[PDB]
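Per full-length UniProt numbering: the sequence shown = residues 5 to 131, 135 to 509.
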Amino acid sequence: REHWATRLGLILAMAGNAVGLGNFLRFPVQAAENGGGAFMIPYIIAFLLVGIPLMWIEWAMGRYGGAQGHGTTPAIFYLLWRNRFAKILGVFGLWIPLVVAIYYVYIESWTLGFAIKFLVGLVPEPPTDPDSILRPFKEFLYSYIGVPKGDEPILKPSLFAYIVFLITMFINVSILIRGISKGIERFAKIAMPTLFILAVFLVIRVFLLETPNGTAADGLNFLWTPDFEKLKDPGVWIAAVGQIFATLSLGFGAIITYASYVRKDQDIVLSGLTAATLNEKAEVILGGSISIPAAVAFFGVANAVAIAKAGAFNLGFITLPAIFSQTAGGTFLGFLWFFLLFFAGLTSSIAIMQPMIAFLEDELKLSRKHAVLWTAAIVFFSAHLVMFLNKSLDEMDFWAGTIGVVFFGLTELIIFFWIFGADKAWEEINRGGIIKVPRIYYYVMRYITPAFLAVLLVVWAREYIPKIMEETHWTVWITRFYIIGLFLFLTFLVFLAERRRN
Ligand code: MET
Ligand code: NA
Ligand code: NA
Numbered sequence: 005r006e007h008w009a010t011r012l013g014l015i016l017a018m019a020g021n022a023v024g025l026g027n028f029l030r031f032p033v034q035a036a037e038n039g040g041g042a043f044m045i046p047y048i049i050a051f052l053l054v055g056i057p058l059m060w061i062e063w064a065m066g067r068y069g070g071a072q073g074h075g076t077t078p079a080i081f082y083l084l085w086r087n088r089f090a091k092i093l094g095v096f097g098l099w100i101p102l103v104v105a106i107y108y109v110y111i112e113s114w115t116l117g118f119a120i121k122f123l124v125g126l127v128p129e130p131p135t136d137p138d139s140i141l142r143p144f145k146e147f148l149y150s151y152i153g154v155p156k157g158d159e160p161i162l163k164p165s166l167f168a169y170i171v172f173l174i175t176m177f178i179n180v181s182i183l184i185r186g187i188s189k190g191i192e193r194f195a196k197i198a199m200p201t202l203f204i205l206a207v208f209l210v211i212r213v214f215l216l217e218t219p220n221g222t223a224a225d226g227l228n229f230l231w232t233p234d235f236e237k238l239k240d241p242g243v244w245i246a247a248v249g250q251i252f253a254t255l256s257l258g259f260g261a262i263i264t265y266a267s268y269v270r271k272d273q274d275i276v277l278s279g280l281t282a283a284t285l286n287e288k289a290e291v292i293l294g295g296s297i298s299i300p301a302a303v304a305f306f307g308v309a310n311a312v313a314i315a316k317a318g319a320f321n322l323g324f325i326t327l328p329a330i331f332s333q334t335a336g337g338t339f340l341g342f343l344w345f346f347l348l349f350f351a352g353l354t355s356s357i358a359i360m361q362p363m364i365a366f367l368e369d370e371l372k373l374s375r376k377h378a379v380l381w382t383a384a385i386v387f388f389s390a391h392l393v394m395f396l397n398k399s400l401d402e403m404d405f406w407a408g409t410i411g412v413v414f415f416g417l418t419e420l421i422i423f424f425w426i427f428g429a430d431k432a433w434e435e436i437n438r439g440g441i442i443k444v445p446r447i448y449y450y451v452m453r454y455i456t457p458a459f460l461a462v463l464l465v466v467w468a469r470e471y472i473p474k475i476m477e478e479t480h481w482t483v484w485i486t487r488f489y490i491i492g493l494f495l496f497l498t499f500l501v502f503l504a505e506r507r508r509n
């Protein structure tokens, strides 16, 4: 099996995995929509009672299965629990990362294209009216991704957007094709430091933004000012948990696959903890100090929140660059923003393709080159669905990026810490650890986490099962059909691997 060269390389690769578009796009929005400071408390609790324990669990499973030449859940679930249904449940560990890769890589390509255009200086040129400043950029984005006037099902992506997508795929391939240590690690060791430096620079530059309408400091206060009136809103807790799952790459099967390349004896406790901590620093400190503080700086708190509620991409791709345009060298600033976003995305996309690649290598005994090329072909092909169909990306993000990750988290936690055995699991997690997990977390993993997740899934199910059947648009049915087909396909592959074993 292939392994990580250095412990630092490992840490930075995992950090790259976690630290992505979720930190600089999703988080600011989620925090603003949920009352800023009010959102933090749950966010923290969820981080302590869900993020950390699941992180350690996925590291443990990853290393465990990896020691036996398996980096994916279809095989690992079987090693932990002898049963066909364990493999079937294991299929989600490829389905989820595949589905998410599909649209994630596309958004990443967006950030790339924007970075390019902003570097070259091909951007809309605003003239004191907010709408006359945001409109040009709304038209810019809509032209780029091909959004229809009304609510029409067909998207018409510009040629440049398509080409940029192809390029992005090429880059992902060029990195993934060099393996774990020579590919992912060597790139992480650069992309990560670069990312942090850019993030810091932007945080400062933004902190220097002050107008008659507000200041960035106002935004910081808003985000870090507690509010206990929202603690009775389940939606805030659900949002927090969702954010934790998303940002920590939990339930995606990526952490496990990366962990499978960690030597059986090496520590996963301190390493994992460090990666998670890095991600949180990048999120609450860097990610939360750019977009929101700037929006608040220009339009004030209320309008900032309104824009946040307007959409996820509305803030990162429209509002922020429009704000930048009103400053000296704001175009270059935009370029830095989108470049940061690009590295952040890439270092995560490679992580979500590595599970599929790893399955092809381990279970179908394919070479690295072939595995990477085929994974790239499948993702690229399927990506047309997201590119040309309106509301497809949202549906995928929902079924895989929202429900699927939670369901899968509960599944892996139950299999590892209940069926496989809580004591054996604990010993497996702590073994080789440079530091040891506080005993309390044992009780957190065995009772608290699974209970909370179960409740969450119950609520979600109750709220969504009726809405599901009554859906008007056909694009969502086409998408559902398709991803279901992908599930059947992956199942078939798992079957072939199983038969090859015999
Ligand atoms: C590595 S795909 C999962 C999402 C990622 N953790 C992010 O923050 O964007
Ligand atoms: Na990343
Ligand atoms: Na993250």
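We treat Cβ as the ideally placed atom computed from N, Cα and C, and that holds for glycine.
When rounded, the separation of the alpha-carbon atoms in residue 480 and residue 446 is 50 Å.
DSSP places residue 454 outside any alpha helix (DSSP H), giving it a letter other than H or E. With 6 Å as the limit, the residues whose C-beta approaches any heavy atom of ligand 2 more closely are 20, 23, 24, 351, 354, 355, in sequence along the chain. Here residue 181 is exposed, its C-beta having fewer than 16 other C-beta atoms within 10 Å. Taking 7 Å as the cut-off, the C-beta of residue 256 counts as close to a heavy atom of ligand 1.
Considered as a whole, the segment 258-296 harbours 261-266, 276-287 as its complete alpha helix (DSSP H) runs of no fewer than 4 residues, in chain order. Look at residue 178 here: in three-state DSSP terms it is helix. The alpha-carbon separation between residue 379 and residue 7 amounts to approximately 18 Å. Counting the other Cβ atoms within 10 Å of the Cβ of residue 488 gives fewer than 16, which makes it exposed. Comparing alpha-carbon positions, the option among 381, 195, 213, 258 lying closest to residue 418 turns out to be 258. Inclusion of residue 367 and residue 486 in the CB contact set at 8 Å is not warranted, their separation being larger than that value. By the criterion of a C-beta distance shorter than 7 Å, residue 190 is surrounded in its chain by 182, 183, 184, once the five residues flanking it on both sides are discounted. At least one heavy atom of ligand 3 lies less than 7 Å from the C-beta of residue 290. At the C-beta level, residue 50 and residue 247 come within 8 Å of one another. The DSSP-derived three-state label of residue 80 is helix. Here the distance from the Cβ of residue 397 to the nearest heavy atom of ligand 3 is not below 7 Å. By the Cβ rule, the segment 199-211 counts as touching the segment 341-350, because three or more pairs are nearer than 8 Å. Remark: the C-beta of residue 437 is outside contact range of ligand 3, defined as less than 7 Å to any heavy atom. Closest in alpha carbon position to residue 292, among 340, 331, 317, 208, is 208.
Only buried fits residue 80, as 16 or more other CB atoms lie within 10 angstroms of its CB.
Contact between the segment 408-426 and the segment 249-267 is present, with at least three C-beta pairs closer than 8 Å. A residue is called buried once 16 or more other Cβ atoms fall within 10 Å of its Cβ, and residue 508, having fewer, is exposed.
Straight through space, the alpha carbons of residue 135 and residue 357 are spaced by roughly 42 Å. Look at residue 40 here: in three-state DSSP terms it is coil, with no helix or strand label.
Residue 222 has 217 as its beta-bridge partners, per DSSP. A Cβ-Cβ separation of about 16 Å leaves residue 228 out of contact with residue 306 under the 8 Å criterion. The beta-bridge partner set that DSSP reports for residue 396 consists of 161. Taken from the Cβ of residue 66, every heavy atom of ligand 3 lies 7 Å or farther away. For residue 100, the enclosing alpha helix (DSSP H) covers residues 96-124. For residue 144, the uninterrupted alpha helix (DSSP H) run begins and ends at 138-152, by DSSP. Going by C-alpha positions, residue 279 is about 44 Å away from residue 155.
Under the 10 Å beta carbon count, residue 328 is surrounded by 16 or more other beta carbons and is classified as buried.
C-alpha of residue 399 to C-alpha of residue 363: approximately 22 Å in a straight line. Annotation for residue 490: 103 place their beta carbon closer than 6 Å to its own, counting only its chain and skipping 5 residues before and after.
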